[PDB]
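Chemist: Let me give you the structure first, and then I'll get to my questions.
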């Protein structure tokens with residue numbers, strides 16, 4: 007899938023590193039030196055800004071075929087990490103040394119338009135992430151989060167929009183700012199409201215319009 | 007200065023609109039339709055996210071020759087404004103209809119690398135803006151803000167780093183989240199501490215290292 011990108015616009019040799027982490031493992035930490043640009047092959051990586059105290063606030067959840075840990079290079083000023091990249095699901099990654107990401111962007115500058123557009127979408131997702139976390143109650147906050155996952159991780163089904171993640175209650179909490187107890191109570195209150203289906207741990211939403219419209 | 011960009015990579019005709027607003031005037035509001043991309047010629051434009059309640063939180067302060075109101079176009083999904091653009095100083099702007107910003111990015115894709123890098127710097131500034139506003143006290147918050155202005159709006163002088171803005175006490179407050187009373191008390195407490203100079207309403211910082219190092 008990604009290799010198809012590489013094989014096109016290509017008649018050379020490219021150094022990279024495959025790396026595979028288990029769920030909940032740090033990929034890089036803020037402060038860490040940005041030495042290589044990352045490319046998500048399989049899985050989801052959760053980017054979160056770690057606050058100058060103890061706090062951690064979720065900034066973006068990244069889908070397959072997404073590029074990250076690039077901002078340090080692009081700026082040309084800052085030379086070390088911006089956020090805390092966590093393996094939300096198990097992840098397969100391509101680490102590519104900064105140099106080559108520069109060489110690509112120079113020679114094949116169409117790559118800039120694609121990555122320019124890709125970064126914009128990232129910000130929109132962060133904007134929805136901010137609007138999500140601003141709700142004072144955990145109910146409207148969960149809905150917003152699940153609506154984000156529908157728009158960016160949803161697989162259309164006659165059942166509904168399956169959120170293709172297989173995600174745990176405790177994992178949702180650390181992304182939303184609650185507990186694997188309030189999440190469990192809310193999801194049941196939604197399942198028995200005939201608005202959600204839970205198979206495996208995948209969550210299918212029957213109607214995103216109907217889910218959206220409850221301040222709960 | 008900007009015209010030099012236009013004249014190079016150019017052998018056609020380009021529609022735009024000059025527009026000039028007075029300080030504190032709205033350029034566009036969130037929700038407003040994104041119809042044309044903006045280009046700051048002279049002055050500073052303050053981008054602030056207006057919260058789903060009454061709140062307004064400052065996201066970026068833009069320097070001369072900076073491009074803005076582009077994100078809606080880049081995403082290709084959202085078709086209306088992201089933030090509230092305010093004329094921080096009096097501003098001269100170029101409004102360019104989205105179409106042409108697309109035509110430019112396609113034909114002259116080097117323009118993507120430049121704008122890709124420019125957007126990264128914007129995010130770094132927002133990251134410093136977040137770190138600025140996270141301080142519980144107004145003292146450390148003012149310092150961070152003035153340090154941002156030094157790095158992005160500073161003119162080196164044997165005096166020090168003059169923040170080339172001519173900015174009002176009440177204007178600083180609305181960007182920092184205080185009052186034109188606590189700002190006036192703090193600036194005097196810094197002037198008489200031999201750390202700031204105020205000429206006109208320009209603020210010169212003698213030593214950014216010395217200013218930085220006080221949790222006050």
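Chains as they are written, first to last, in the authors' numbering: chain A, 7 to 222; chain A', 7 to 222. A prime marks a further copy of an entry chain.
Each residue gets a CB set at the ideal place from its N, CA and C atoms; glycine is no exception.
Kindly list, in the order they appear in chain A', the residues whose Cβ is closer than 7 Å to that of residue 115/A.
Modeler: Locating residue 115/A in the first chain gives position 109, where the first residue counts as 1. Ordered by position in chain A', the residues that pass the 7 Å Cβ test against residue 115/A are 115, 116, 118, 119.
Chemist: In the structure shown, what three-state DSSP assignment does residue 214/A' receive?
Modeler: Sequence index remark: in the second chain, residue 214/A' carries index 208 (1-based). Three-state result, residue 214/A': helix.
Chemist: Does the contact criterion of 3 or more C-beta pairs under 8 Å hold for the stretch 126-136 of chain A' versus the stretch 130-137 of chain A?
Modeler: The stretch 126-136 of chain A' is not in contact with the stretch 130-137 of chain A.
Chemist: Which complete alpha helix (DSSP H) runs does the stretch 84-122 of chain A' hold, if anything under 4 residues is left out?
Modeler: Taking only runs of at least 4 residues, the alpha helix (DSSP H) segments lying wholly in the stretch 84-122 of chain A' are 104-113.
Chemist: Here's the rule I'm using: 16 or more other beta-carbon atoms within 10 Å means buried, otherwise exposed. How should residue 35/A be labelled?
Modeler: Locating residue 35/A in the first chain gives position 29, where the first residue counts as 1. Exposed.
Chemist: Check the DSSP bridge columns for residue 44/A' and list the partner residues they point to.
Modeler: If you number the second chain from 1, residue 44/A' lands on position 38. Answer is 74/A', 101/A'.
Chemist: Is the CB of residue 129/A under 8 Å away from at least one CB in chain A'?
Modeler: Against the first chain, residue 129/A aligns to sequence position 123. Interface residue, yes.
Chemist: Do we get a CB-CB distance below 8 Å when we pair residue 14/A' with the residues of chain A?
Modeler: The residue labelled residue 14/A' in the question sits at position 8 within the second chain. False, the Cβ-Cβ gap to chain A never drops below 8 Å.
Chemist: Looking only at C-alpha atoms, which of 192/A', 22/A', 125/A' sits nearest to residue 77/A'?
Modeler: Position 71 of the second chain, counting from 1, holds the residue named residue 77/A'. When only C-alpha atoms are compared, the closest one is 125/A'.
Chemist: Buried or exposed: where does residue 213/A fall if 16 or more other Cβ atoms within 10 Å of its Cβ makes it buried?
Modeler: Counting from 1 along the first chain, the entry for residue 213/A is found at position 207. Exposed, by the Cβ-count rule.
Chemist: Please classify residue 57/A as buried or exposed, where buried requires at least 16 other C-beta atoms within 10 Å of its C-beta.
Modeler: As a first step, residue 57/A must be located in the first chain, where it is residue number 51. Answer is exposed; the Cβ neighbour count stays below 16.
Chemist: Under 8 Å Cβ to Cβ from residue 107/A', same chain only, skipping five residues before and after it: list those, please.
Modeler: Translated into the one-based positions of the second chain, residue 107/A' becomes position 101. Here the set comprises 43, 76, 79.
Chemist: Determine the direct distance from the alpha carbon of residue 174/A' to that of residue 87/A, and round the result to whole angstroms.
Modeler: Within the first chain, residue 87/A is the residue found at index 81, counting from 1. Within the second chain, residue 174/A' is the residue found at index 168, counting from 1. Between residue 87/A and residue 174/A', the C-alpha separation is close to 35 Å.
Chemist: Return the residue from the list 169/A, 161/A, 136/A that minimises the CA-CA distance to residue 182/A.
Modeler: Counting from one through the first chain, the residue named residue 182/A turns up at place 176. Selected option, being the one with the closest Cα: 136/A.
Chemist: Got a sec? Which residues, its chain only, sit under 6 Å from residue 203/A' by beta carbon, not counting five neighbours each side?
Modeler: The residue given as residue 203/A' occupies position 197 in the second chain. 210.
Chemist: Would you verify that the beta carbon of residue 57/A' is, or is not, closer than 8 Å to some beta carbon of chain A?
Modeler: Numbered from 1 along the second chain, position 51 holds the residue referred to as residue 57/A'. Yes, because at least one Cβ of chain A sits closer than 8 Å to the Cβ of residue 57/A'.
Chemist: Buried or exposed: where does residue 217/A' fall if 16 or more other Cβ atoms within 10 Å of its Cβ makes it buried?
Modeler: Here residue 217/A' refers to the residue found at position 211 when the second chain is read from its first residue. Burial call: buried.
Chemist: Mark residue 186/A as exposed unless 16 or more other C-beta atoms lie within 10 angstroms of its C-beta, in which case mark it buried.
Modeler: The sequence position of residue 186/A within the first chain is 180, counting from 1. Result: exposed.
Chemist: Would you decide whether residue 55/A is buried or exposed? Buried here means 16 or more other CB atoms lie within 10 Å of its CB.
Modeler: Here residue 55/A refers to the residue found at position 49 of the first chain. So residue 55/A ends up on the buried side.
Chemist: Could you tell me which residues DSSP pairs with residue 151/A in its beta bridges?
Modeler: As a first step, residue 151/A must be located in the first chain, where it is residue number 145. Answer by DSSP bridge pairing: none, since residue 151/A is not bridged.
Chemist: Just curious, the beta strand (DSSP E) that residue 32/A' is in, first and last residue?
Modeler: One-based indexing of the second chain puts residue 32/A' at position 26. Element bounds for residue 32/A': 32-34.
Chemist: Using a Cβ-Cβ cutoff of 9 Å, what residues of the stretch 136-149 of chain A' are near chain A? List them in chain order.
Modeler: Within the stretch 136-149 of chain A', the qualifying residues are 136, 137, 140, 141.
Chemist: Just checking: is the beta-carbon of residue 183/A' within a distance shorter than 8 Å of some beta-carbon in chain A?
Modeler: Start at 1 with the first residue of the second chain, and residue 183/A' comes out as number 177. Not one chain A Cβ lies under 8 Å of residue 183/A'.
Chemist: Between residue 80/A and chain A', is the shortest Cβ-Cβ distance under 8 Å, so that the two count as touching?
Modeler: Position 74 of the first chain holds residue 80/A. Yes, its Cβ sits closer than 8 Å to a Cβ of chain A'.
Chemist: Counting C-beta neighbours from all protein chains within 10 Å, is the total for residue 215/A' 16 or more, i.e. buried, or is it exposed?
Modeler: Numbered from its first residue, the second chain carries residue 215/A' at position 209. The residue is exposed, with fewer than 16 neighbouring Cβ atoms inside 10 Å.
Chemist: For the stretch 17-31 of chain A against the stretch 92-105 of chain A, are there 3 or more C-beta pairs whose distance is under 8 Å?
Modeler: The answer is yes - the stretch 92-105 of chain A touches the stretch 17-31 of chain A, with three or more Cβ pairs under 8 Å.
Chemist: Taking DSSP as the reference, what is the three-state secondary structure of residue 219/A'?
Modeler: Locating residue 219/A' in the second chain gives position 213, counting from the first residue. Coil.
Chemist: Please check if any C-beta of chain A' sits within less than 8 Å of the C-beta of residue 222/A.
Modeler: Indexing the first chain from 1 puts residue 222/A at position 216. False, the Cβ-Cβ gap to chain A' never drops below 8 Å.
Chemist: Should the stretch 112-126 of chain A' be called in touch with the stretch 108-117 of chain A, which here means at least 3 C-beta pairs below 8 Å?
Modeler: In short, these stretches touch, since the Cβ pair count reaches three.
Chemist: Can you tell me the Cβ-Cβ gap for residue 193/A and residue 50/A, rounded? I've got them flagged as a contact below 8 Å.
Modeler: Sequence index remark: in the first chain, residue 193/A carries index 187 (1-based). Sequence index remark: in the first chain, residue 50/A carries index 44 (1-based). Actually they do not touch by this definition, with Cβ atoms about 19 Å apart.
Chemist: Contact criterion: CB-CB distance below 8 Å. Does residue 41/A meet it with respect to chain A'?
Modeler: Residue mapping note: residue 41/A aligns to position 35 of the first chain, counting from 1. Residue 41/A does not count as touching chain A'.
Chemist: Cα-Cα, which of 157/A', 141/A', 207/A', 166/A' is closest to residue 222/A'?
Modeler: Mapped onto the second chain, residue 222/A' falls at position 216. Nearest option by C-alpha distance: 141/A'.
Chemist: DSSP on residue 189/A', reduced to helix/strand/coil?
Modeler: Walking along the second chain from the start, residue 189/A' turns up at place 183. Note: residue 189/A' maps to helix in three-state DSSP.
Chemist: Taking only beta-carbon atoms, is residue 87/A' less than 8 Å away from chain A?
Modeler: Position 81 of the second chain holds residue 87/A'. Not closer than 8 Å to any Cβ of chain A, the Cβ of residue 87/A' fails to qualify, so no.
Chemist: Considering residue 55/A, what are the terminal residues of the beta strand (DSSP E) in which it resides?
Modeler: The residue labelled residue 55/A in the question sits at position 49 within the first chain. Residues 51-56.
Chemist: For a cutoff of 8 Å on Cβ pairs, would you count residue 84/A as touching chain A'?
Modeler: As a first step, residue 84/A is located in the first chain; it is residue number 78 there, counting from the start. By this cut-off, residue 84/A is an interface position.
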